[PDB]
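Colleague: give me a model of this one.
(2 chains)
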2 protein chains.
Amino acid sequence: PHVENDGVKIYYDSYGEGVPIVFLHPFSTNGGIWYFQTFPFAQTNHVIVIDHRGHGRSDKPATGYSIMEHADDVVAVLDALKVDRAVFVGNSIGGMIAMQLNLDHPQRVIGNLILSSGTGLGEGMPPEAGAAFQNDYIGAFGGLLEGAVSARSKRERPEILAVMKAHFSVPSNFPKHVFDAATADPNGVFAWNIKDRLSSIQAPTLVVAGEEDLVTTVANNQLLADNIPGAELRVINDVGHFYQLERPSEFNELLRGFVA
Amino acid sequence: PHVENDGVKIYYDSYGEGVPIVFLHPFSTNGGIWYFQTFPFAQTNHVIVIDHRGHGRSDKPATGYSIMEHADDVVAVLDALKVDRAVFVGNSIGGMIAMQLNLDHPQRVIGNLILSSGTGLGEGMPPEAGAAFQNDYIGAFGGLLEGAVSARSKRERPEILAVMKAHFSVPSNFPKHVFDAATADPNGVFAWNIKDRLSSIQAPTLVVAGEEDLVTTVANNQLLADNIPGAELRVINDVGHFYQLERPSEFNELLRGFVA
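Modeller: Numbering: from 1, shown residues only, chains lettered A, B, ... in the order given. Take a look at the structure below.
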């Protein structure tokens, strides 16, 4: 279905009943990425999987891609679904959205699973890489994606890197102007920075990082886990940016651990 | 998006430009299952992925679920999208739908990839099984799905059997009344039989079967391949019912190289 937030349609799917779990997909992808999580958790929970604005089946306006605005889209979805508080599972930019949600709407948070995310991402990337995105968008993005999956994943599951390279090459799913607008926003995916405000996040937080993730380094997740009070970090062996796809069942067990 | 057909809303997703390829998911699942195919093929083709009636995000009436009405839903989607002709990729019941569409609308078919399907399936089921599905629906369905996955896939990718067992256990995705209505239909999943008319299908057709598939045997697919004029049979090692999930990249390579 769709919710409307200030004229922008956000697509979402909702299955099952119980304690709500909200899945927030990584940048340039969509809700489909949660295929192996969505339905097993729909057996025990109220699963809500969202397409961010500018992604997949949601509207893709020319501008308005701050993490705060994304968070407001999420709140719109929760409002239409009459949800008070929810479990938030965020991947990359989804983690950003979840954290921002903890900042602006702590009253709607049960807890967080942050998968492969960080803050002040833009300044942490090599300076040349931005120029690479200005010079050759698709090429630079591909190069970045070769560091998003583990070697073991490249061996046994090449379809992951395939589908992820496909995600940003399909204008129907992820048009170029959304990338440009998000990069241009002073609080977009690259510029969003809450290093000083992390310690205000008090909700139960499980930060999960892949050992071989070069898109989001172990240090980047560590910055998150170390400054959020009572946060736990799990550095996952033989995994890159997409734990939910690289080793789906194990991610499912880890998320199953967040219950009490 | 979605189209109305017989007052029943059929959900579909649409990506890309070019030669139309229509993905039809197996029984009790939904379009999400095509995640690793949908977007790589959206780079080169016009991908159209459909949620069957009684499944996923589409409407789920009490009746009725003959293969013909399913097919008609597909042509409804094609009509709304102004698509004249398309390549059809159907799995299990999706293959049935595709074949029925070949029977009723041959001018709408470029070619077919029929994956793990059959006809007159209900005749091949053990005499006891029928009662088993209403006495113990969950258990019998699960037992059915344990023969739909290869040993290697159950070993290295348990998330597949997990998500498939999840599909029919979540009423929001697949309610039992759809199963029962489909079973009760004289032209439903089990009763649909076109052995007589297989020789009428003239489109380029690739029938693909998993060697360890037990819900549709190698024999089941082989009958189709042997009676459809010019049809190909490809038997895949260490794959059961879900080649597009068990070895997604390999399935991809097979599909890009298929004539259509």
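Colleague: which residues of the stretch 51-200 of chain A lie near chain B?
Modeller: Listed as neighbours of chain B in the stretch 51-200 of chain A under the rule Cβ under 8 Å from any Cβ of the partner chain: A:57, A:156-160, A:162-163, A:166-167, A:169-170, A:172-173. (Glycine included, C-beta is placed from N, CA and C.)
Colleague: of the residues you listed, buried ones?
Modeller: Buried by 16 or more other Cβ atoms under 10 Å in any protein chain shown: A:57, A:157, A:159, A:160, A:162, A:163, A:166, A:167, A:169, A:170, A:172, A:173, out of those.
Colleague: among those residues, which ones are in helices?
Modeller: A:159, A:160, A:162, A:163, A:166, A:167 (DSSP state H).
Colleague: all helices for chain A, in order.
Modeller: A:35-38, A:67-80, A:93-104, A:121-124, A:127-135, A:137-145, A:151-156, A:158-167, A:176-184, A:218-227, A:243-246, A:248-256.
Colleague: contact partners of the fourth one?
Modeller: Counting by Cβ atoms under 8 Å, 6 or more residues apart in numbering or on different chains, the neighbours of helix A:121-124 from elsewhere in the structure are A:118, A:130, A:189, A:190, A:191, A:192, A:193, A:216, A:217, A:220.
Colleague: restricted to buried residues, select those residues in PyMOL.
Modeller: Here is the PyMOL command that selects the buried residues among those (16+ other Cβ under 10 Å):
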select buried, chain A and resi 118+189+190+191+192+193+216+217+220
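Colleague: need the max-distance pair from the contacts of helix A:121-124.
Modeller: Within those, A:191 and A:217 form the most distant pair, 18.1 Å apart (Cβ to Cβ).
Colleague: pull out the buried positions in stretch A:134-150.
Modeller: For stretch A:134-150, by 16+ other Cβ under 10 Å, it's A:140, A:141, A:144, A:145, A:148, A:149, A:150.
Colleague: if you could redo that for stretch A:63-72, that was the one I meant.
Modeller: For stretch A:63-72, the neighbour count (16+ other Cβ under 10 Å) marks A:64, A:65, A:66, A:67, A:68, A:69, A:70, A:71, A:72 as buried.
Colleague: before we move on, the earlier item: would you mind saying which of the helices of chain A lies nearest residue A:110?
Modeller: helix A:93-104 (10.9 Å).
Colleague: what's the separation between the residue lying farthest from the centre of chain A and chain B?
Modeller: Most distant from the centre of chain A: residue A:135, at 25.9 Å, with distances by Cα atoms, centre = their mean. Residue A:135 is 22 Å from chain B, where distance means Cβ to the nearest Cβ, to the nearest Å.
Colleague: contacts only, for the residue nearest to residue A:154 when sequence neighbours are not counted.
Modeller: Nearest non-adjacent residue to residue A:154, counting by Cβ to Cβ, 6 or more residues apart in numbering or on different chains: residue A:161, 6.6 Å away. Residues in contact with residue A:161 (Cβ under 8 Å, 6+ apart) are A:145, A:146, A:148, A:149, A:153, A:154.
Colleague: can you list these in a markdown table and add distance to residue B:250?
Modeller: Formatted as a markdown table, the contacts of residue A:161 follow (distance: Cβ to Cβ, whole Å):
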| residue | distance to residue B:250 |
| --- | --- |
| A:145 | 21 |
| A:146 | 21 |
| A:148 | 22 |
| A:149 | 18 |
| A:153 | 16 |
| A:154 | 15 |
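Colleague: from residue A:28, how far off is residue A:183?
Modeller: Residue A:183 is 12 Å from residue A:28, where distance means Cβ to Cβ, to the nearest Å.
Colleague: what is the nearest of the contacts of residue A:161 to residue A:93?
Modeller: The closest of the contacts of residue A:161, once distances to residue A:93 are taken by Cβ to Cβ, is residue A:148, at 13.1 Å.
Colleague: find the nearest non-adjacent residue to the closest one, please.
Modeller: In space, and not counting its chain neighbours, residue A:148 is closest to residue A:241: 3.8 Å by Cβ to Cβ, 6+ apart.
Colleague: contacting residues around that neighbour?
Modeller: Residue A:241 neighbours (Cβ under 8 Å, 6+ apart): A:26, A:91, A:92, A:116, A:148, A:149, A:210, A:213, A:215, A:216.
Colleague: if we go to 10 Å?
Modeller: A:26, A:91-92, A:115-117, A:144-145, A:147-150, A:153, A:160, A:164, A:209-210, A:212-216 (Cβ atoms under 10 Å, 6 or more residues apart in numbering or on different chains).
Colleague: so which of those are in strands?
Modeller: Among the contacts of residue A:241, DSSP state E puts A:91, A:115, A:209, A:210 in strands.
Colleague: let's have those in JSON lines, adding neighbour count.
Modeller: Formatted as JSON lines, those follow (neighbours: other Cβ atoms under 10 Å in any protein chain shown):
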{"residue": "A:91", "neighbour count": "29"}
{"residue": "A:115", "neighbour count": "32"}
{"residue": "A:209", "neighbour count": "28"}
{"residue": "A:210", "neighbour count": "29"}
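Colleague: out of the residues you listed, the closest to residue B:96 would be?
Modeller: For the ones in strands among the contacts of residue A:241, the nearest to residue B:96 is residue A:91 (36.3 Å; Cβ to Cβ).
Colleague: residue contacts, the closest one?
Modeller: Taking Cβ under 10 Å, 6+ apart, we find residue A:91 in contact with A:23-27, A:29, A:33-34, A:97-98, A:113-117, A:208, A:216, A:241-245.
Colleague: show me what it bridges to in the sheet.
Modeller: residue A:115 (DSSP bridges).
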